[PDB]
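Residue-level listing of the chains:
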2 protein chains.
Amino acid sequence: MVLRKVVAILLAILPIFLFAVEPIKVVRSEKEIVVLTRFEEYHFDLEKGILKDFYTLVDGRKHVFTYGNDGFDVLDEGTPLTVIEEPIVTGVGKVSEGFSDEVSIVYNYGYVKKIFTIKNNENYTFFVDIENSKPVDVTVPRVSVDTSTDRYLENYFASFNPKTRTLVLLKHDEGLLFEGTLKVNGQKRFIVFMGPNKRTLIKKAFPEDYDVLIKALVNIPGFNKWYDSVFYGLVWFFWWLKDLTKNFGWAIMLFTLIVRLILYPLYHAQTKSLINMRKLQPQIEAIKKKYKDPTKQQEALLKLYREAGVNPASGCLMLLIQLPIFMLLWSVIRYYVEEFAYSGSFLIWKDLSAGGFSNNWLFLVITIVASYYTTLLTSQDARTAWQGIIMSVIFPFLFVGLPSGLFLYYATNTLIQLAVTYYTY
Amino acid sequence: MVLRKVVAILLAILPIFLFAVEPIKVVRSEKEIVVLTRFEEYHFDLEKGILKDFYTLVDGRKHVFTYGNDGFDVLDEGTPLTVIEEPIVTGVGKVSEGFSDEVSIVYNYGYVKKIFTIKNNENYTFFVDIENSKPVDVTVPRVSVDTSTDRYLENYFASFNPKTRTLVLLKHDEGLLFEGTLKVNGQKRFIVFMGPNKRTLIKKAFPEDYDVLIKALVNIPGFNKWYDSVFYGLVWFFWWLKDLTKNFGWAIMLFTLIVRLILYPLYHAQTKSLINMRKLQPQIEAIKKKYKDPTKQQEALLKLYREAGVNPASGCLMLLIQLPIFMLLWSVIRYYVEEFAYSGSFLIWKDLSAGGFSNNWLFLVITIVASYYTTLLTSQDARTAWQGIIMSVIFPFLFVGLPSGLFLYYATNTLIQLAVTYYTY
């Protein structure tokens, strides 16, 4: 039963706790109630029944919204209304400190129910459902410092804040007939987007009229930073790869393959310079214990070997064109963070947007063993014993705090290199 | 210069930042000044010039002392004195947030200097130096709830608190002539011990008359818990090993070797039961696709193989005698924590009292590759592919949060096992 308990009991429950996604930790409190996700965080008042303050967890906490008597104030003709009962927190999948699938919040006053639905999705969206017995008005939030950024669209209403790059965009049913607050009778479900202006997330948020919606959004001054053209070209490239290759880890691997393939010749060049070199290294030159030694005075080797049509500084050059590929891929990783956390896992790496030893420990050892065999063929001297150390053991250990995805790019590139270098003849 | 920068620049500075010991983070504040070490933590008042409160970091913060108008109150005939100037914080090796070799604190009133020296050693000791122009009295601290535990020794004075197992033991020069507070003229250096009653640390704290001092301390009721006899027998055994083998990592390895050596026969037994078994496994019994299959009804194998003089449940039994060896060694690790942090490092593992993946990542892979080859000889069937997984990959990953030392015990034991099992004939 030891073997049964390991293959079923300790094998069918290990991935459930391991890949356990973060729950919506709800915190009820006195004169406040707070709703926390992995990226989103909301401060709610339980007396007026409104959104007090709104933070942003990604890349440090960011206070991006403060109640400007606009955060869904149920008001009838200028004056707002208050509750007649406590709020109740409806949710889905009640976990100890808070639900883990969905969280609703029930505010009710006399004849009106303001329901705050918050799904545990990657988006920064949340629903404001509402019912009424007599017509009422409810305020709309805005993060824009001055009202030049806000745009009264046909069915939507944007409020962009270029300082924090925070966008308040909600969908209403009042086509173009918009007066400040939201006037409502009966019942209505409202879809709100509040967060950064990540176009991929907006596409998921409002895929019905996104193309009509993005044309307006681009023309907002400050929305489109200069680099967003190329940057988003690459972003949608990776969106197409993910929507071809089931997830992002593969998308990196093909991207690595693409990157190495599109600019191949270097391996020829870096080895042609090395073919003539690794053919004529100190053993073929046969000058090791020779005419002199340090107290620099090289005076022969460099100039005497500076006859063959080779390219010195081979391994030291690739880095200079590797930084742009690294920085481009890294910035893309910091763009898809929300997707990563909720888009399942690759194989063992639950999130590729995270670092530390606990994810990149296996990339590290794979790099080590792969580098070992690659570093075997090169340098027929005794540098290998010292050459295995410098590359594999030192630099990735220094750089082990990077997002796991970058180590996936690196490691895939190294497997390619090994298989590419492996052409024994 | 790439190779020079890796062998000297990025090789002679890597261990300095890596093995950087924790500094004494000093926190000056309004009407308080706090002195923090890796285990010790003191709250000082800068008006009366005394020790307000004393915590204990090891295994969670523990408030073990509160000012009972006894924490070094400079008083002349009942009434205490106050400062005439600010305190100054003298130290050694001024690092950004606080010194990292030694910290002194200068209180002065009129004619008396109370100096609080605090070394960055493993001990819970600190010095109270003092100078005076006219005789004065200074209070002595006590953590004992009631004054049955305190003992006026010849030169020392203990104040043990059995509830928290916290001992206040200081050395004075007044041989047996002790009246409450400390009466002093001229200048004197006082050696104070305040913390848990770890006998090894006391030996280092007062090695002059420790043997005379420990006889008194044992007879304090509550000091000696029943298990301290055996427990400290083992503790001083490890103290002797460390004082033979340069450090603790080796002391484990020999201890493992000792533990495996003192009770060897099992390998014979666990393999004799396995010799007859691994000789006559399903391939020699030659009954694999046979008379029946699950829907349990074993009915033959167990009873039909229950003729040879073997010992089934071989690999499952050792665990039961491994827990006591584990728990004994683990508890010892949690005893020497202070030593570990400041007693250098073994090879790569800077502290063996810590856990996580970042220290035991190399033990893990070494276990994996070592188990692989050990699991090769055993089980000539195709269980190995599944048998390598269960032991190496699963259980240590589950148990990867244990102190690194326990993984050193385990891994050393596994290397022994491999070399021991390796007797191909």
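Residues numbered from 1 in each chain as written, not as in the entry; some residues may be left out. Chains lettered and ligands numbered in written order. Heavy atoms only, no water.

Determination of this PDB entry was carried out by X-ray crystallography to a resolution of 3.4000 Å, according to the record.

Asker: Looking at this model, I keep getting lost on the domain arrangement of chain A. Mind explaining?
Answerer: Size of an interface, as often reported, equals the accessible area lost when the parts are brought together. Residue and element names in this part refer to chain A. Its domain assignment divides chain A into domain 1 (21-223) and domain 2 (238-421). For domain 1 versus domain 2, the separation of C-alpha centres amounts to 46 Å. Listed as interface residues are twelve residues of domain 1 and, on the opposing side, ten residues of domain 2. Applying the counting rule to domain 1 against domain 2 returns three salt bridges. One salt bridge in this structure joins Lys198 and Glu338, with 2.7 Å as the shortest N-O distance. (Domains from an automatic or database assignment. Contact = heavy atoms within 4.5 Å. Salt bridge = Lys/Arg side-chain N within 4 Å of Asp/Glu carboxyl O.)

Asker: Got a minute to help me understand the sheet that holds strand 17 (residues 187-196) of chain A in this structure?
Answerer: The strands making up a sheet associate through hydrogen bonds between their backbones, and the pairing can be parallel or antiparallel. All names here are of chain A. The antiparallel open sheet is built from eight strands, whose spatial order is 8-9-10-11-17-15-14-13. The open sheet has two edge strands with one neighbour each: strand 8 (88-95) and strand 13 (151-152). One ladder, built from seven bridges, connects strand 11 (residues 125-131) with strand 17; its direction is antiparallel. When the sheet's bridge partners are listed, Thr125 is paired in strand 17 with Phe193. (Pairing = 2+ DSSP bridges. Helix = DSSP H or I, 4+ residues; strand = E, 2+ residues; numbered from the N terminus.)

Asker: I keep staring at unusual backbone geometry and nothing clicks. Help me out?
Answerer: For residues other than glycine, phi is negative in most cases, and the peptide bonds are mostly trans. For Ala313 of chain A, which is not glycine, the phi dihedral falls at a positive 55°. As for its placement among the helices and strands, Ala313 of chain A is situated in the loop between helix 9 (301-305) and helix 10 (314-333). For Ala313 of chain A, a relative accessible area of 54% gives the class exposed. Notably, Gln297 of chain B is not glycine yet its phi reads approximately 35°, a positive angle. Along the polypeptide, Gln297 of chain B turns up in the loop between helix 8 (282-285) and helix 9 (301-305). (Buried < 20%, exposed > 50% of the residue type's maximum accessible area, 1.4 Å probe, protein only.)

Asker: How do you make sense of the UniProt feature "transmembrane region" in chain A when you look at a structure like this?
Answerer: Residues and elements named next belong to chain A. If you check UniProt for "transmembrane region", the listed places come out as residues 6-26, 248-268, 313-333, 352-372 and 388-408 in our numbering. Counting secondary structure, residues 6-26 comes out at 43% helix and 10% strand; the distance between its end C-alpha atoms is 35 Å. Along residues 248-268, the helical share is 86% and the strand share 0%, with 30 Å between the first and last C-alpha atoms. (UniProt positions renumbered as here; feature names shortened; annotations may be inferred.)

Asker: Looking at this structure, how should I read the packing of aromatic side chains?
Answerer: Two numbers describe a pair of aromatic rings. These are the distance of the centres and the angle of the planes. Residue and element names in this part refer to chain A. As enumerated under the stated definition, the model contains 76 aromatic pairs over all chains in all. Ring centres 6.5 Å apart and planes at 50° place the aromatic pair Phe237 and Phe255 in the tilted group. Here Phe255 lies in helix 6 (residues 248-262) and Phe237 lies in helix 5 (residues 228-245), a separation of 18 residues in the sequence. Clustering of aromatic rings is evident, with ring pairs tying together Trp226, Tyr227, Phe231, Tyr232, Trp239, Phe248, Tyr335, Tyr336 and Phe340. Sitting over the ring of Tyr335, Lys198 keeps its end group 4.9 Å from the ring centre. (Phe/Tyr/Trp six-rings, centres within 6.5 Å; stacked < 30°, edge-to-face > 60°. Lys NZ or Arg CZ within 6 Å of the ring centre and 35° of its normal.)

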